[PDB]
$ cat protein.cif   # mmCIF, C-alpha atoms
data_coords
loop_
_atom_site.group_PDB
_atom_site.id
_atom_site.type_symbol
_atom_site.label_atom_id
_atom_site.label_comp_id
_atom_site.auth_asym_id
_atom_site.auth_seq_id
_atom_site.Cartn_x
_atom_site.Cartn_y
_atom_site.Cartn_z
ATOM 1 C CA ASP F 1 36.313 -35.589 -10.405
ATOM 2 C CA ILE F 2 35.211 -38.487 -12.645
ATOM 3 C CA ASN F 3 34.285 -35.966 -15.360
ATOM 4 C CA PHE F 4 35.618 -32.418 -15.041
ATOM 5 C CA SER F 5 33.671 -29.486 -13.649
ATOM 6 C CA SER F 6 36.182 -27.799 -11.314
ATOM 7 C CA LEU F 7 35.900 -24.078 -12.014
ATOM 8 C CA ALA F 8 34.854 -20.889 -10.182
ATOM 9 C CA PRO F 9 36.827 -18.086 -8.569
ATOM 10 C CA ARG F 10 33.574 -16.763 -7.093
ATOM 11 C CA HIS F 11 31.775 -16.507 -3.770
ATOM 12 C CA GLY F 12 29.313 -13.656 -4.239
ATOM 13 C CA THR F 13 28.682 -10.932 -1.695
ATOM 14 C CA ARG F 14 26.137 -8.248 -0.928
ATOM 15 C CA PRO F 15 27.153 -5.336 1.372
ATOM 16 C CA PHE F 16 24.986 -4.573 4.387
ATOM 17 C CA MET F 17 22.270 -1.900 4.802
ATOM 18 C CA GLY F 18 19.748 -4.339 3.482
ATOM 19 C CA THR F 19 21.311 -6.753 1.128
ATOM 20 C CA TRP F 20 22.692 -4.358 -1.425
ATOM 21 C CA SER F 21 24.307 -6.168 -4.359
ATOM 22 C CA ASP F 22 27.588 -4.978 -5.909
ATOM 23 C CA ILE F 23 30.430 -3.604 -3.789
ATOM 24 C CA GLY F 24 32.018 -2.609 -7.115
ATOM 25 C CA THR F 25 35.435 -4.005 -6.159
ATOM 26 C CA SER F 26 37.221 -3.083 -2.932
ATOM 27 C CA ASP T 1 11.202 -11.243 -8.064
ATOM 28 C CA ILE T 2 7.602 -10.733 -6.967
ATOM 29 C CA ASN T 3 7.941 -9.311 -3.446
ATOM 30 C CA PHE T 4 9.524 -11.628 -0.797
ATOM 31 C CA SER T 5 12.585 -9.983 0.982
ATOM 32 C CA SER T 6 10.249 -9.944 4.068
ATOM 33 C CA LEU T 7 12.678 -12.236 5.949
ATOM 34 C CA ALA T 8 14.119 -12.840 9.469
ATOM 35 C CA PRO T 9 16.927 -11.128 11.348
ATOM 36 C CA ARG T 10 20.128 -12.360 9.578
ATOM 37 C CA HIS T 11 21.474 -13.868 12.743
ATOM 38 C CA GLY T 12 23.129 -17.247 13.049
ATOM 39 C CA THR T 13 22.196 -19.960 15.608
ATOM 40 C CA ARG T 14 23.492 -19.466 19.204
ATOM 41 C CA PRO T 15 26.701 -21.403 20.312
ATOM 42 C CA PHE T 16 26.337 -24.456 22.667
ATOM 43 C CA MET T 17 28.016 -27.524 24.249
ATOM 44 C CA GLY T 18 25.930 -30.704 23.625
ATOM 45 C CA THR T 19 24.125 -29.391 20.456
ATOM 46 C CA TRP T 20 21.161 -27.445 22.083
ATOM 47 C CA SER T 21 19.865 -25.204 24.989
ATOM 48 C CA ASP T 22 18.056 -21.793 25.480
ATOM 49 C CA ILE T 23 19.789 -18.486 26.486
ATOM 50 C CA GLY T 24 16.993 -15.928 25.699
ATOM 51 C CA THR T 25 18.078 -12.228 25.679
ATOM 52 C CA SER T 26 21.673 -13.055 26.957
ATOM 53 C CA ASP N 1 -31.772 36.438 6.114
ATOM 54 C CA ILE N 2 -28.922 33.876 6.753
ATOM 55 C CA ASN N 3 -28.096 31.302 4.053
ATOM 56 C CA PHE N 4 -25.215 28.878 3.117
ATOM 57 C CA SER N 5 -21.391 29.245 2.650
ATOM 58 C CA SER N 6 -21.470 32.004 5.358
ATOM 59 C CA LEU N 7 -21.426 29.921 8.622
ATOM 60 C CA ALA N 8 -17.951 31.112 9.691
ATOM 61 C CA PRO N 9 -16.431 30.483 13.189
ATOM 62 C CA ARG N 10 -12.855 31.724 12.229
ATOM 63 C CA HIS N 11 -11.405 30.449 15.595
ATOM 64 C CA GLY N 12 -9.943 26.944 16.139
ATOM 65 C CA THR N 13 -10.484 24.793 19.273
ATOM 66 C CA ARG N 14 -7.535 23.494 21.406
ATOM 67 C CA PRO N 15 -3.847 24.667 21.217
ATOM 68 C CA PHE N 16 -4.769 28.209 22.452
ATOM 69 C CA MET N 17 -5.786 26.581 25.783
ATOM 70 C CA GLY N 18 -2.276 26.215 27.231
ATOM 71 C CA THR N 19 -0.479 22.849 26.921
ATOM 72 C CA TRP N 20 3.244 22.112 27.459
ATOM 73 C CA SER N 21 5.228 18.987 26.638
ATOM 74 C CA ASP N 22 6.880 16.143 28.616
ATOM 75 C CA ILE I 1 -11.506 -3.735 -24.148
ATOM 76 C CA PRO I 2 -14.590 -3.311 -26.427
ATOM 77 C CA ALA I 3 -15.915 -6.369 -28.373
ATOM 78 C CA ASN I 4 -13.904 -7.141 -31.576
ATOM 79 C CA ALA I 5 -11.539 -4.160 -30.763
ATOM 80 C CA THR I 6 -7.777 -4.433 -31.614
ATOM 81 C CA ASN I 7 -6.191 -1.884 -29.246
ATOM 82 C CA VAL I 8 -6.531 -0.734 -25.671
ATOM 83 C CA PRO I 9 -5.647 2.960 -25.094
ATOM 84 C CA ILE I 10 -4.375 3.236 -21.494
ATOM 85 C CA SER I 11 -3.308 6.573 -20.054
ATOM 86 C CA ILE I 12 -2.181 7.316 -16.524
ATOM 87 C CA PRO I 13 -2.090 10.913 -15.171
ATOM 88 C CA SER I 14 1.109 12.632 -14.003
ATOM 89 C CA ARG I 15 2.304 10.579 -11.048
ATOM 90 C CA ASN I 16 5.461 10.099 -8.998
ATOM 91 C CA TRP I 17 7.258 6.901 -9.919
ATOM 92 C CA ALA I 18 9.608 6.876 -6.943
ATOM 93 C CA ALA I 19 10.216 3.243 -5.965
ATOM 94 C CA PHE I 20 8.326 1.843 -8.941
ATOM 95 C CA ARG I 21 8.947 -1.769 -9.968
ATOM 96 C CA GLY I 22 7.711 -3.456 -13.188
ATOM 97 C CA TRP I 23 4.251 -3.987 -14.633
ATOM 98 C CA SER I 24 2.407 -7.202 -15.281
ATOM 99 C CA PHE I 25 -0.555 -7.756 -17.524
ATOM 100 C CA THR I 26 -3.009 -10.416 -18.525
ATOM 101 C CA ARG I 27 -6.369 -10.423 -20.277
ATOM 102 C CA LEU I 28 -9.575 -11.451 -18.520
ATOM 103 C CA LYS I 29 -13.176 -11.704 -19.663
ATOM 104 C CA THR I 30 -15.780 -9.318 -18.312
ATOM 105 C CA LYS I 31 -18.321 -12.040 -17.502
ATOM 106 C CA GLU I 32 -15.752 -14.183 -15.697
ATOM 107 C CA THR I 33 -14.561 -11.284 -13.531
ATOM 108 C CA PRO I 34 -16.760 -10.153 -10.605
ATOM 109 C CA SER I 35 -16.866 -6.541 -9.462
ATOM 110 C CA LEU I 36 -15.268 -6.104 -6.031
ATOM 111 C CA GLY I 37 -16.459 -3.119 -4.026
ATOM 112 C CA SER I 38 -20.012 -4.396 -3.941
ATOM 113 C CA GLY I 39 -21.806 -6.614 -1.467
ATOM 114 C CA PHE I 40 -23.712 -8.222 -4.294
ATOM 115 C CA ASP I 41 -23.145 -8.044 -8.029
ATOM 116 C CA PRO I 42 -26.496 -9.090 -9.550
ATOM 117 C CA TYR I 43 -25.084 -9.320 -13.085
ATOM 118 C CA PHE I 44 -22.447 -11.911 -12.186
ATOM 119 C CA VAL I 45 -23.912 -15.057 -13.754
ATOM 120 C CA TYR I 46 -20.664 -17.012 -13.874
ATOM 121 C CA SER I 47 -19.401 -19.509 -11.343
ATOM 122 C CA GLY I 48 -16.557 -21.275 -13.159
ATOM 123 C CA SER I 49 -12.925 -20.639 -12.273
ATOM 124 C CA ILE I 50 -12.564 -16.863 -11.837
ATOM 125 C CA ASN L 1 -0.662 1.385 -25.907
ATOM 126 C CA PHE L 2 -1.563 -2.289 -26.416
ATOM 127 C CA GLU L 3 -2.637 -4.271 -29.436
ATOM 128 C CA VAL L 4 -4.706 -7.357 -28.793
ATOM 129 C CA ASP L 5 -6.418 -9.966 -30.970
ATOM 130 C CA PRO L 6 -10.153 -9.462 -31.660
ATOM 131 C CA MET L 7 -12.495 -11.313 -29.267
ATOM 132 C CA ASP L 8 -16.144 -11.915 -30.043
ATOM 133 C CA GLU L 9 -17.016 -11.069 -26.442
ATOM 134 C CA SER L 10 -16.087 -8.189 -24.154
ATOM 135 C CA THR L 11 -12.788 -8.552 -22.347
ATOM 136 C CA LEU L 12 -10.840 -6.589 -19.766
ATOM 137 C CA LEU L 13 -7.177 -5.819 -19.593
ATOM 138 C CA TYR L 14 -5.647 -6.248 -16.185
ATOM 139 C CA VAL L 15 -2.614 -4.047 -15.738
ATOM 140 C CA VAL L 16 -0.766 -4.410 -12.498
ATOM 141 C CA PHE L 17 1.622 -1.650 -11.506
ATOM 142 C CA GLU L 18 4.066 -3.220 -9.119
ATOM 143 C CA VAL L 19 4.692 -1.128 -5.972
ATOM 144 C CA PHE L 20 5.595 -1.547 -2.291
ATOM 145 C CA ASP L 21 2.583 -2.186 0.013
ATOM 146 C CA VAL L 22 3.971 -1.520 3.474
ATOM 147 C CA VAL L 23 1.669 -2.652 6.229
ATOM 148 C CA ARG L 24 3.373 -1.646 9.495
ATOM 149 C CA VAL L 25 1.980 -1.988 12.937
ATOM 150 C CA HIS L 26 3.023 -1.146 16.446
ATOM 151 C CA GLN L 27 1.568 -1.574 19.917
ATOM 152 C CA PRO L 28 2.712 1.058 22.400
ATOM 153 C CA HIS L 29 0.618 -0.122 25.347
ATOM 154 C CA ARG L 30 -1.668 -2.956 26.342
ATOM 155 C CA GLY L 31 -4.833 -3.154 24.241
ATOM 156 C CA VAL L 32 -3.624 -0.384 21.949
ATOM 157 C CA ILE L 33 -2.669 -0.989 18.359
ATOM 158 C CA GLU L 34 -1.554 1.525 15.784
ATOM 159 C CA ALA L 35 -0.553 1.278 12.179
ATOM 160 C CA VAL L 36 0.681 3.283 9.245
ATOM 161 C CA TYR L 37 0.211 2.014 5.726
ATOM 162 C CA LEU L 38 2.215 3.567 2.971
ATOM 163 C CA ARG L 39 2.859 2.814 -0.642
ATOM 164 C CA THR L 40 5.183 4.631 -2.941
ATOM 165 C CA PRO L 41 4.456 5.196 -6.707
ATOM 166 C CA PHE L 42 0.690 4.698 -6.299
ATOM 167 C CA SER L 43 -0.693 5.524 -2.912
ATOM 168 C CA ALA L 44 -3.844 6.516 -1.077
ATOM 169 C CA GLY L 45 -4.007 9.737 0.929
ATOM 170 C CA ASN L 46 -2.075 11.568 -1.774
ATOM 171 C CA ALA L 47 -4.721 14.230 -2.457
ATOM 172 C CA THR L 48 -6.780 14.096 0.713
ATOM 173 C CA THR L 49 -5.894 13.715 4.380
ATOM 174 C CA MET E 1 1.082 15.639 -1.380
ATOM 175 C CA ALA E 2 3.777 13.916 -3.426
ATOM 176 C CA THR E 3 7.544 13.130 -3.409
ATOM 177 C CA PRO E 4 8.655 15.046 -0.218
ATOM 178 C CA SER E 5 7.112 12.332 2.017
ATOM 179 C CA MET E 6 8.146 9.239 0.025
ATOM 180 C CA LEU E 7 11.932 9.664 0.062
ATOM 181 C CA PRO E 8 12.579 10.316 3.856
ATOM 182 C CA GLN E 9 9.948 7.667 4.747
ATOM 183 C CA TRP E 10 11.610 4.843 2.767
ATOM 184 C CA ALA E 11 13.973 4.230 5.682
ATOM 185 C CA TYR E 12 11.105 4.441 8.201
ATOM 186 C CA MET E 13 8.908 1.874 6.453
ATOM 187 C CA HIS E 14 11.807 -0.381 5.397
ATOM 188 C CA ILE E 15 11.722 -0.060 1.609
ATOM 189 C CA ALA E 16 15.322 1.109 1.789
ATOM 190 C CA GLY E 17 17.825 1.508 4.600
ATOM 191 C CA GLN E 18 19.169 -0.994 7.111
ATOM 192 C CA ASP E 19 18.015 -4.648 7.555
ATOM 193 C CA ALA E 20 16.245 -6.231 10.574
ATOM 194 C CA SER E 21 19.562 -7.353 12.162
ATOM 195 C CA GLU E 22 20.837 -3.741 12.388
ATOM 196 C CA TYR E 23 17.363 -2.290 12.982
ATOM 197 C CA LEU E 24 16.011 -4.245 15.923
ATOM 198 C CA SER E 25 17.219 -3.759 19.466
ATOM 199 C CA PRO E 26 20.067 -6.166 20.398
ATOM 200 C CA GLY E 27 18.109 -8.042 23.118
ATOM 201 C CA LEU E 28 15.368 -8.917 20.598
ATOM 202 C CA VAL E 29 17.959 -10.240 18.075
ATOM 203 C CA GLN E 30 19.536 -12.426 20.821
ATOM 204 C CA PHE E 31 16.030 -13.699 21.718
ATOM 205 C CA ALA E 32 14.991 -14.248 18.071
ATOM 206 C CA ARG E 33 17.893 -16.689 17.396
ATOM 207 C CA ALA E 34 17.646 -18.512 20.764
ATOM 208 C CA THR E 35 13.971 -19.571 20.179
ATOM 209 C CA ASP E 36 13.973 -19.987 16.367
ATOM 210 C CA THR E 37 14.141 -23.822 16.468
ATOM 211 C CA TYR E 38 10.658 -23.872 18.114
ATOM 212 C CA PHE E 39 8.996 -20.382 17.960
ATOM 213 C CA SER E 40 10.018 -18.012 15.155
ATOM 214 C CA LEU E 41 10.179 -14.215 14.872
ATOM 215 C CA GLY E 42 11.390 -14.699 11.256
ATOM 216 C CA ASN E 43 9.235 -13.236 8.437
ATOM 217 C CA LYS E 44 7.835 -10.423 10.723
ATOM 218 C CA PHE E 45 10.332 -7.496 10.349
ATOM 219 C CA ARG E 46 11.278 -6.669 6.619
ATOM 220 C CA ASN E 47 14.800 -6.637 5.171
ATOM 221 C CA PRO E 48 15.372 -3.910 2.545
ATOM 222 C CA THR E 49 16.977 -5.040 -0.730
ATOM 223 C CA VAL E 50 18.524 -2.399 -2.906
ATOM 224 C CA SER K 1 -58.702 -11.161 -2.627
ATOM 225 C CA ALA K 2 -55.740 -8.997 -3.486
ATOM 226 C CA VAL K 3 -53.101 -10.222 -5.899
ATOM 227 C CA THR K 4 -49.482 -10.803 -4.761
ATOM 228 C CA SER K 5 -47.615 -7.544 -5.096
ATOM 229 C CA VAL K 6 -44.046 -6.270 -4.883
ATOM 230 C CA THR K 7 -43.002 -2.786 -3.655
ATOM 231 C CA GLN K 8 -41.407 -0.171 -5.942
ATOM 232 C CA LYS K 9 -39.939 3.130 -4.702
ATOM 233 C CA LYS K 10 -38.582 6.286 -6.325
ATOM 234 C CA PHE K 11 -37.826 9.869 -5.324
ATOM 235 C CA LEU K 12 -37.812 13.022 -7.451
ATOM 236 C CA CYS K 13 -35.721 16.181 -7.095
ATOM 237 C CA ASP K 14 -36.595 19.087 -9.362
ATOM 238 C CA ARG K 15 -34.714 22.399 -9.175
ATOM 239 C CA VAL K 16 -31.837 20.959 -7.229
ATOM 240 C CA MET K 17 -28.233 20.449 -8.149
ATOM 241 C CA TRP K 18 -26.458 17.719 -6.232
ATOM 242 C CA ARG K 19 -23.693 19.078 -4.062
ATOM 243 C CA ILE K 20 -20.677 17.327 -2.732
ATOM 244 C CA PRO K 21 -18.594 19.679 -0.501
ATOM 245 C CA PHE K 22 -14.823 19.635 -0.420
ATOM 246 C CA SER K 23 -14.461 19.181 3.322
ATOM 247 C CA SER K 24 -13.571 16.150 5.434
ATOM 248 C CA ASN K 25 -16.652 16.560 7.607
ATOM 249 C CA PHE K 26 -18.784 17.731 4.663
ATOM 250 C CA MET K 27 -19.995 20.826 6.545
ATOM 251 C CA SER K 28 -19.949 24.446 5.501
ATOM 252 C CA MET K 29 -17.718 26.421 7.946
ATOM 253 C CA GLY K 30 -16.661 29.337 5.685
ATOM 254 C CA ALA K 31 -16.540 29.663 1.877
ATOM 255 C CA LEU K 32 -12.840 28.845 1.647
ATOM 256 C CA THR K 33 -13.037 25.217 2.724
ATOM 257 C CA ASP K 34 -10.567 23.607 5.130
ATOM 258 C CA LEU K 35 -9.200 21.327 2.382
ATOM 259 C CA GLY K 36 -9.002 24.240 -0.054
ATOM 260 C CA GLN K 37 -6.364 25.884 2.113
ATOM 261 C CA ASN K 38 -4.810 22.498 2.910
ATOM 262 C CA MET K 39 -3.965 22.447 -0.801
ATOM 263 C CA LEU K 40 -2.096 25.741 -0.457
ATOM 264 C CA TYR K 41 0.153 24.181 2.178
ATOM 265 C CA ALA K 42 0.919 21.224 -0.040
ATOM 266 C CA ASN K 43 1.504 22.788 -3.446
ATOM 267 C CA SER K 44 1.275 19.879 -5.818
ATOM 268 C CA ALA K 45 -0.627 19.175 -8.989
ATOM 269 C CA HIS K 46 -2.989 16.243 -9.233
ATOM 270 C CA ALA K 47 -5.434 14.856 -11.741
ATOM 271 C CA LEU K 48 -9.092 14.459 -10.916
ATOM 272 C CA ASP K 49 -10.944 11.480 -12.377
ATOM 273 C CA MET K 50 -14.699 11.303 -11.766
#
$ encode --input "protein.cif" --output "structure tokens"
Amino acid sequence: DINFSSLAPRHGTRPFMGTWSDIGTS
Amino acid sequence: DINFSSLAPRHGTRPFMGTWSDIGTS
Amino acid sequence: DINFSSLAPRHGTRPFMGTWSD
Amino acid sequence: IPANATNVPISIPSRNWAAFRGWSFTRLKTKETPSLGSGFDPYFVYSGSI
Amino acid sequence: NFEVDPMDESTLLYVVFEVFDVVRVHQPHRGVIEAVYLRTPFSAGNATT
Amino acid sequence: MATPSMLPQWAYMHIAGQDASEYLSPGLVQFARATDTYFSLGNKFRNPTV
Amino acid sequence: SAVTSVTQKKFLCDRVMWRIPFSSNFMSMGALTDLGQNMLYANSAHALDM
């Protein structure tokens, strides 16, 4: 906005069966 | 971390008309 | 006469006396 | 840790380490640490912050 | 193995081995309570019943 | 008395395996989210994290 | 007029060796103990620290 900071192509995700981080790309 | 994944069901809140009510096991 | 480490029953107690499951 | 000693030799027997996480460590003083597993420790003469 | 500074008084080393302490409890009937307690890399009942 | 009673029992005791949402019976999960604003079943069921 | 006095107690065992069985009820029931053959049905090594 007033000073730049717009970035990020990210959301984050954790597959089910617990929270199990990394899906390793789909 | 030190151990804390001891958390709730990963539900979301129940849907309503007029912000709140109770539906129990429905 | 009798002394220790020789007090042998061999036999168990319970599952010989017939029981069958629900 | 003995008095004025520079090393602590720690050895753990052969053990399964299935679902092991890290370690943590800190140094205490013997007189400031009470012995748990006793109803009374008669040699505990401290009462500051344990 | 650990190397520590000299102290002029006796000291202890507190080593914590981080595990899972599962305390798990179930009631199958009124006034009945049951439990099973299990830990993984360090555990009790691992050389006796 | 070792490893052949750790690994199958991870799922059972909730060190590994499914989380509370897929573990609990569906009626209890519908209850748990209907009352949560006032009486909470949260922090009583373990979620595994792998 | 008898001075104030505090009780002391001791025991003595001479010609005895202390015995701790390897049973879960501590009784003799046969020379091969019931935990001795429980350790044949659960073939695993362990350390003993006394």
$ atom_distance --input "protein.cif" --atom1 "CA of residue 6 (chain I)" --atom2 "CA of residue 16 (chain L)"
20.4 Å
$ resolve_selection --input "protein.cif" --expression "the PyMOL selection byres ((chain K) within 9 of (chain E))" --output "list in words"
residues 39, 42, 43, 44, 45 and 46 of chain K
$ calpha_fit_rmsd --input "protein.cif" --fixed "chain F" --moving "chain T"
2.6 Å
$ atom_distance --input "protein.cif" --atom1 "CA of residue 8 (chain N)" --atom2 "CA of residue 28 (chain K)"
8.1 Å
$ resolve_selection --input "protein.cif" --expression "the PyMOL selection byres ((chain I and resi 16) around 8)" --output "ChimeraX atom specification"
/I:14-15,17-18 /L:41-42 /E:2-3
$ residues_around --input "protein.cif" --residues "residue 21 (chain T)" --least-positions-apart "6" --cutoff "10 Å" --atoms "only C-alpha atoms" --output "VMD selection string"
(chain T and resid 14 to 15) or (chain E and resid 34 to 35)
$ residues_near_point --input "protein.cif" --point "(-27.9, 30.8, 3.6)" --cutoff "12 Å" --atoms "all atoms listed in the file" --output "list in words"
residues 1, 2, 3, 4, 5, 6, 7 and 8 of chain N; 28, 29, 30 and 31 of chain K
$ atom_distance --input "protein.cif" --atom1 "CA of residue 44 (chain E)" --atom2 "CA of residue 31 (chain E)"
14.1 Å
$ resolve_selection --input "protein.cif" --expression "the PyMOL selection byres ((chain T and resi 4) around 10)" --output "PyMOL selection string"
(chain T and resi 1-3+5-7) or (chain E and resi 43+46-47+49)
$ write_last_selection --input "protein.cif" --atoms "C-alpha atoms" --output "PDB file, in the coordinates of the input"
ATOM      1  CA  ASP T   1      11.202 -11.243  -8.064  1.00  0.00           C
ATOM      2  CA  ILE T   2       7.602 -10.733  -6.967  1.00  0.00           C
ATOM      3  CA  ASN T   3       7.941  -9.311  -3.446  1.00  0.00           C
ATOM      4  CA  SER T   5      12.585  -9.983   0.982  1.00  0.00           C
ATOM      5  CA  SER T   6      10.249  -9.944   4.068  1.00  0.00           C
ATOM      6  CA  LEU T   7      12.678 -12.236   5.949  1.00  0.00           C
TER       7      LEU T   7
ATOM      8  CA  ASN E  43       9.235 -13.236   8.437  1.00  0.00           C
ATOM      9  CA  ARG E  46      11.278  -6.669   6.619  1.00  0.00           C
ATOM     10  CA  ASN E  47      14.800  -6.637   5.171  1.00  0.00           C
ATOM     11  CA  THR E  49      16.977  -5.040  -0.730  1.00  0.00           C
TER      12      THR E  49
END
$ axis_aligned_box --input "protein.cif" --around "region 20-25 of chain K" --padding-each-side "6 Å" --output "lines of an AutoDock Vina configuration file"
center_x = -17.1
center_y = 17.9
center_z = 2.4
size_x = 19.1
size_y = 15.5
size_z = 22.3
